[PDB]
C-alpha cells in the first residue's frame, strides 16, 4: 500500500538525510526517551540517555541504518525487518505500543533538520512507511 509516489518521496528525503544517519538517529532516540519517559526503562542499562551520550549515538545509527535498509528494500519491508521483529519480541521484550513513539520522533527529526523537504505529501509518505515498518516489527509478537 505504499504508492509509487510514496516510495519516491521516501527515497527522496532519505537520500537527502542518510548522510546524517548517526545525528538523526541519536536525536530520534534521545527525543523518544525524554519526551516519552515510559520508554526509558528499555535503555536503563545506559549511563547516559541524552542526545550527547555515546551509547545513544551508537544505537541511533543502528536504528537509522536499519530504516535505510528498509528504504532500500521498500517493496519487501516485511522481509527486511523480520529478523528485528523476532529480536524485539523475544529477546528485548519491547512492548509493541512503543514502535509508534519512535516512528513519531523520527518524523519530528526529519521535519526539524529538513523542513523544506518534509512537505505534507512527503510526511504522508513517510508516515505510511514508518507505519509499515512498525507493522512489520510487530509481526512476530503473537
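Numbering follows the first chain given and starts at 1.
As listed in the deposited structure, the average C-alpha B-factor of 62-70 and of 105-113 is greater for 62-70. Look at the mean CA B-factor for 31-39 and for 49-57 in the entry; the higher one is 49-57. Comparing the listed residues 77, 89, 97, 26, the entry records the largest Cα B-factor for 77. Residue 131 sits in the middle third of its chain by CA B factor, as recorded in the PDB entry.
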